[PDB]
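Visitor: Structure for the following, please:
(chains A and B, ligands or ions: 6)
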Amino acid sequence: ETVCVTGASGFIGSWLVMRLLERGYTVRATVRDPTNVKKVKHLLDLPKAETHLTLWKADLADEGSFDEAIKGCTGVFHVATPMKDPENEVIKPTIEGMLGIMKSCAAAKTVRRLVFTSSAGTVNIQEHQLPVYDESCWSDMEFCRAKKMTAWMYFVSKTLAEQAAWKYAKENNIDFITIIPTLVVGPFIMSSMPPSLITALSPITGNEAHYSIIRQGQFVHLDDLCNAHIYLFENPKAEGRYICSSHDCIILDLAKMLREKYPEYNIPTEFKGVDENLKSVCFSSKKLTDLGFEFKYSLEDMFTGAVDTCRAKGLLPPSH
Amino acid sequence: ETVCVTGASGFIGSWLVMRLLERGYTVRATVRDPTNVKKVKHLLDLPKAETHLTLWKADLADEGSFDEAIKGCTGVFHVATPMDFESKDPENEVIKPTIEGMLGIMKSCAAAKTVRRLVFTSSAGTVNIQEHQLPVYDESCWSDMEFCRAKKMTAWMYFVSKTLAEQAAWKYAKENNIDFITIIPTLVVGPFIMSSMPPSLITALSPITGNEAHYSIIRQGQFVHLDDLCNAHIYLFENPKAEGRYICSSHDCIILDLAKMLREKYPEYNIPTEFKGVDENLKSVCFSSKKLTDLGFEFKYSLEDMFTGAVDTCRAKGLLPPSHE
Ligand SMILES: NC(=O)c1ccc[n+]([C@@H]2O[C@H](COP(=O)([O-])OP(=O)(O)OC[C@H]3O[C@@H](n4cnc5c(N)ncnc54)[C@H](OP(=O)(O)O)[C@@H]3O)[C@@H](O)[C@H]2O)c1
Ligand SMILES: NC(=O)c1ccc[n+]([C@@H]2O[C@H](COP(=O)([O-])OP(=O)(O)OC[C@H]3O[C@@H](n4cnc5c(N)ncnc54)[C@H](OP(=O)(O)O)[C@@H]3O)[C@@H](O)[C@H]2O)c1
Ligand SMILES: O=c1c(O)c(-c2cc(O)c(O)c(O)c2)oc2cc(O)cc(O)c12
Ligand SMILES: O=c1c(O)c(-c2cc(O)c(O)c(O)c2)oc2cc(O)cc(O)c12
Ligand SMILES: O=c1c(O)c(-c2cc(O)c(O)c(O)c2)oc2cc(O)cc(O)c12
Ligand SMILES: O=c1c(O)c(-c2cc(O)c(O)c(O)c2)oc2cc(O)cc(O)c12
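Guide: Numbering: from 1, shown residues only, chains lettered A, B, ... in the order given. Ligands and ions are numbered 1, 2, ... in the order given. Find the structure here:
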């Protein structure tokens, strides 16, 4: 059958296409610029890309642009998201894009299910942290707007887009699933540095401005995540939002896993404002596992796959 | 340094890119459709493609469409031509865009300020398409447009379109002081990197496939190895003594002589021993590459080499069966 994947040039999108191709789907991968060799080379190099992968130019800002790509699809995987005035440059596009792709799905008449990649930023952005988050939990928009932490506009954009999308999904018998990853970490097929690896390997690179997100962190392996995407597309019992997250630990525990694996790097021992009495916040993937889905990887796997791919590509120095 | 290649998806263009990249050039490949996986995958998989290759969308039918790809280039290889489909409307679908697109690219080169030389791949169909065949052709010879239009033989519109484009190009070259070179290949034969069957291999391999619609082109045939041709393109771009037109052809023989060789190498195919309307006393017609070899260029490949490479590539890609019954 034929499935569309938006944001195929990205870290999650390209890995998902790979997996969908390996499982024997015919894939329509969307990109905003098909002439960009540094993004399409990696797509066109995937197994079965010659016979089962087609490329489609589309942009979330352009109303109707996903129309033709989606027409004749049985499934859509909406992974793409827009990345000075955030309210209009990021927020509105994301919501409109989202609706735009369900409109395009309905216009298509052939889509049986739409799977949206959401964000942990839709779940736990509030001032007080619960010890365990689940799918009934939603982020606090007034806290986002009033405090404006790093990435606030992506918290707000994805929360609003997913809620706007659920409205539409119930209205129009559009059968909609959402998957909520926490920090996605793993090897990758792209030659640019995955954004979430800038955050995950921050203990190594010393990028302080990324610590807050891993102070109390949650993690999922890219391959577990893509599988979860396909599983949920297929498994017709699937309903609702699904958290996809395999590990949680505070930054001390992360950094401590890393030091032991990577003596080679200058991985600090203590972090500002972080007691060992800091509780870890877990994202419960019970709803997903109760369906039957199983996680195949470990925190160690994630960061090994990551650091190995990053050095191989010259994105990380081999030591400090 | 940076050069543009038009029609980079094709048989000649894709090999030219590969050799240009291998020689340390930065290349700007143009294509009509960059989402076409079967046209771009062979390009993006070339070594150094990630760092030294960029793609650009352009069509000879669209005015100024090559401006952006060309600006910043030091050299342009114009290899593209409308030769995709049989057309019920040759004047507008073939002839017009060939001439205008040629001119439009020369203008783009003017406007770009940075282009030291434009190299155009012409065609043996601008040279020997006339009712009477001379024994040897050289760069002074030009096809007979009244003969073409009178007879309307197969491919008449490509003979006409290239002839009028090159003649228009030469006029424009002189009037605007552009360093212009034309290369006139004969039938191009060899291995290749594209996934579909090269149009010229349909013609070249016709004694094996039995596609009699192509025999008239090879009745009195002339040939050049693809890699020799592409080397000649580079050689000519770089060689500062290059001027005017250049024939690039390394072999000639009549179809009987071609079929003999192919029967010898490939007993597994059913290659005819006779051809209606051809006897052993038929004159071979040579295209003379002396102007090119006089500059210093040396051909490396033989006729056997050309055909072995074409046949093995076609087999490997499943474009020819391994044998007949
Ligand atoms: N990685 C994580 O830790 C993580 C965690 C939770 C959720 N997510 C979600 O996962 C998705 C994938 O993120 P990722 O980390 O794979 O990011 P990425 O590697 O940065 O990929 C993002 C994709 O978005 C596309 N895109 C950006 N603007 C677009 C536009 N205006 N129209 C169409 N496409 C556009 C980009 O395509 P081009 O640049 O080719 O145009 C790119 O392919 C995002 O929705 C994100 O919110 C990620
Ligand atoms: N092959 C030979 O035996 C031989 C002999 C003498 C001369 N030539 C000359 O060599 C050149 C290339 O021939 P080839 O054998 O490589 O043929 P080819 O494989 O068909 O390649 C020609 C290219 O022209 C491009 N094209 C078609 N219409 C176009 C248009 N409207 N705008 C821009 N590009 C267009 C196509 O690229 P896209 O489809 O990506 O856009 C195609 O890749 C031609 O100019 C021909 O006259 C060839
Ligand atoms: O670069 C960042 C980023 O992209 C996101 C992000 C968060 C989400 O919830 C999303 O849904 C999303 O698409 C992106 O968060 C961040 C949080 C930080 O503390 C620091 C960062 O550098 C980022
Ligand atoms: O999309 C992203 C995302 O959701 C989160 C995130 C992870 C968590 O573990 C959370 O608890 C949380 O609230 C947000 O971080 C990110 C960091 C990046 O660099 C880039 C991203 O795209 C995300
Ligand atoms: O398919 C053909 C073709 O493409 C050309 C051709 C000839 C030229 O001179 C050109 O300059 C050109 O671009 C194409 O000739 C042909 C001649 C035939 O008898 C039969 C054919 O099938 C072709
Ligand atoms: O471009 C082409 C071309 O020039 C010739 C050609 C070859 C000769 O040897 C001649 O003497 C002649 O007059 C024309 O054939 C071709 C055959 C194809 O199938 C495709 C082509 O593109 C050409």
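Visitor: Report how many residues lie close to the closest residue to residue A:117 other than its chain neighbours.
Guide: Excluding its sequence neighbours, the residue lying closest to residue A:117 (CB to CB, 6 or more residues apart in numbering or on different chains) is residue A:79, at 4.5 Å. Any C-beta I mention is one placed from the backbone N, CA and C, and that applies to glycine too. The burial metric for residue A:79, expressed as a neighbour count using other CB atoms under 10 Å in any protein chain shown, is 24.
Visitor: Quick check: residue A:79 touching residue A:7?
Guide: Yes - with the criterion set as CB atoms under 8 Å, residue A:79 and residue A:7 qualify as a contacting pair; they are 4.2 Å apart.
Visitor: who's in contact with the residue nearest to residue A:117?
Guide: A:5, A:6, A:7, A:8, A:10, A:12, A:13, A:16, A:117 (CB atoms under 8 Å, 6 or more residues apart in numbering or on different chains).
Visitor: how about a cut-off of 7 Å?
Guide: Shown in contact with residue A:79 (CB atoms under 7 Å, 6 or more residues apart in numbering or on different chains): A:5, A:6, A:7, A:10, A:12, A:13, A:16, A:117.
Visitor: Out of these, which is nearest to residue A:66?
Guide: When the contacts of residue A:79 are compared for distance to residue A:66 (CB to CB), residue A:6 comes out closest, at 6.9 Å.
Visitor: who does the nearest residue to residue A:35 once chain neighbours are set aside bridge with?
Guide: When the adjacent residues along the chain are set aside, residue A:35 lies closest to residue B:55, with 4.1 Å between them (CB to CB, 6+ apart). On the basis of DSSP bridges, residue B:55 takes part in beta bridges with residue B:29.
Visitor: returning to what we had before: now the common contact residues for residue A:79 and residue A:7.
Guide: For the pair residue A:79 and residue A:7, residues contacting each of them under the criterion CB under 7 Å, 6+ apart are residue A:13.
Visitor: Up against ligand 4, what does the stretch 101-250 of chain A have?
Guide: Residues of the stretch 101-250 of chain A that fall close to ligand 4, judged by CB under 6 Å from any ligand atom: A:119-121, A:124-125, A:182-183, A:195-196, A:198-199, A:213, A:217-218.
Visitor: neighbour-wise, which of the residues you listed leads?
Guide: When those are compared by neighbour count (other CB under 10 Å), residue A:182 ends up highest, at 28 neighbours.
Visitor: quick one: contacts for it?
Guide: For residue A:182, counting by CB under 7 Å, 6+ apart, the contacting residues are A:120, A:218, A:219, A:220, A:245, A:283.
Visitor: again with residue A:15
Guide: Under the criterion of CB under 7 Å, 6+ apart, the contact list for residue A:15 reads A:188, A:189, A:222, A:226.
Visitor: Spell out which parts of the stretch 101-250 of chain A neighbour ligand 1.
Guide: Of all the residues in the stretch 101-250 of chain A, those lying near ligand 1 are A:117, A:119, A:120, A:158, A:181, A:183, A:184, A:194, A:195, A:196, going by CB under 6 Å from any ligand atom.
Visitor: thinking again about what came up before, just the buried ones among the contacts of residue A:15, please.
Guide: A:188, A:222, A:226 (16 or more other CB atoms under 10 Å in any protein chain shown).
Visitor: who's in contact with residue A:57?
Guide: If a contact means CB under 7 Å, 6+ apart, then residue A:57 has A:31, A:32, A:34, B:35 as its contacts.
Visitor: any idea which of the contacts of residue A:15 is the one closest to ligand 6?
Guide: residue A:189 (37.9 Å; CB to the nearest ligand atom).
Visitor: That closest one contacts residue A:13, doesn't it?
Guide: No - under the contact definition of CB atoms under 7 Å, residue A:189 does not touch residue A:13, with a separation of 10.0 Å.
Visitor: Find the residues that touch each one of the two.
Guide: Contact criterion CB under 7 Å, 6+ apart; residues shared by residue A:189 and residue A:13: none found.
Visitor: Which part of chain A gets nearest to ligand 6, residue-wise?
Guide: Checked against ligand 6 (CB to the nearest ligand atom), the nearest residue in chain A is residue A:50, 24.7 Å away.
Visitor: give me the number of residues near that residue?
Guide: A count of neighbours around residue A:50, defined by other CB under 10 Å, yields 14.
Visitor: Same check on residue A:193?
Guide: Other residues within reach of residue A:193, judged by other CB under 10 Å, total 15.
Visitor: next one: phi and psi at it?
Guide: Its backbone dihedrals place residue A:193 at phi -80, psi 120, with angles given as degrees, to the nearest 10.
Visitor: Looks like it contacts residue A:315 (just checking).
Guide: Yes - Residue A:193 is in contact with residue A:315 according to CB under 7 Å; the separation is 4.9 Å.
Visitor: Return the set of buried residues in stretch A:244-252.
Guide: The neighbour-count criterion (16+ other CB under 10 Å) identifies A:244, A:245, A:246, A:247, A:248, A:249, A:250, A:251, A:252 as the buried residues of stretch A:244-252.
Visitor: farthest-separated two in those residues?
Guide: Pairwise distances among these were taken by CB to CB; the largest, 24.6 Å, belongs to A:244 and A:252.
Visitor: Any residues of the stretch 51-200 of chain A in contact with ligand 3? List them.
Guide: Proximity of the stretch 51-200 of chain A to ligand 3 is assessed by CB under 6 Å from any ligand atom, with A:81, A:119, A:120, A:121, A:150, A:151, A:154, A:155, A:158, A:195, A:199 identified as the residues in range.
Visitor: can we see that at 8 Å?
Guide: By the rule CB under 8 Å from any ligand atom, the part of the stretch 51-200 of chain A lying against ligand 3 is A:81, A:83, A:118-122, A:125, A:149-151, A:154-155, A:157-158, A:195-196, A:198-199.
Visitor: quick one on the thing from earlier: between the contacts of residue A:79, which has the most around it?
Guide: Across these, the neighbour count under other CB under 10 Å reaches its highest value at residue A:5, namely 31 neighbours.
Visitor: That one: what's it in contact with?
Guide: Residues in contact with residue A:5, defined by CB under 7 Å, 6+ apart, are A:13, A:16, A:17, A:20, A:27, A:29, A:30, A:77, A:79.
Visitor: quick one, what contacts residue A:49?
Guide: Residues in contact with residue A:49 (CB under 7 Å, 6+ apart) are A:21, A:43, B:37.
Visitor: and if we set it to 10 Å?
Guide: With contacts taken as CB atoms under 10 Å, 6 or more residues apart in numbering or on different chains, residue A:49 has the following neighbours: A:17, A:18, A:21, A:27, A:29, A:40, A:42, A:43, A:55, B:37, B:41.
Visitor: One more: residue A:40?
Guide: Contact partners of residue A:40, counting by CB under 10 Å, 6+ apart, are A:8-9, A:14, A:29, A:31, A:33-34, A:49, A:55, B:34-35, B:37, B:40-41, B:44, B:55.
Visitor: redo that, cut-off 8 Å
Guide: Listed by CB under 8 Å, 6+ apart, the contact set of residue A:40 reads A:9, A:31, A:34, A:55, B:40, B:44.
Visitor: same thing with residue A:102?
Guide: A:114, A:165, A:168, A:169, A:172, A:174, A:176.
Visitor: how does it look with 7 Å?
Guide: With contacts defined as CB under 7 Å, 6+ apart, residue A:102 is in contact with A:114, A:165, A:168, A:169, A:174.
Visitor: And for residue A:265?
Guide: Counting by CB under 7 Å, 6+ apart, residue A:265 touches A:204, A:319, A:320.
Visitor: of these, closest to ligand 1?
Guide: Ranking these by separation from ligand 1, with CB to the nearest ligand atom as the measure, puts residue A:204 on top at 16.7 Å.
Visitor: pretty sure the closest one is touching residue A:267, no?
Guide: Yes - using CB under 7 Å as the test, residue A:204 is close enough to residue A:267 to be in contact (6.0 Å).
Visitor: what is in contact with these two at once?
Guide: residue A:258.
Visitor: thought residue A:101 was touching residue A:66?
Guide: Yes - Residue A:101 lies in contact with residue A:66 (CB under 7 Å); the separation is 5.4 Å.
Visitor: who touches both of the two?
Guide: With contacts defined as CB under 7 Å, 6+ apart, the residues shared by residue A:101 and residue A:66 are residue A:6.
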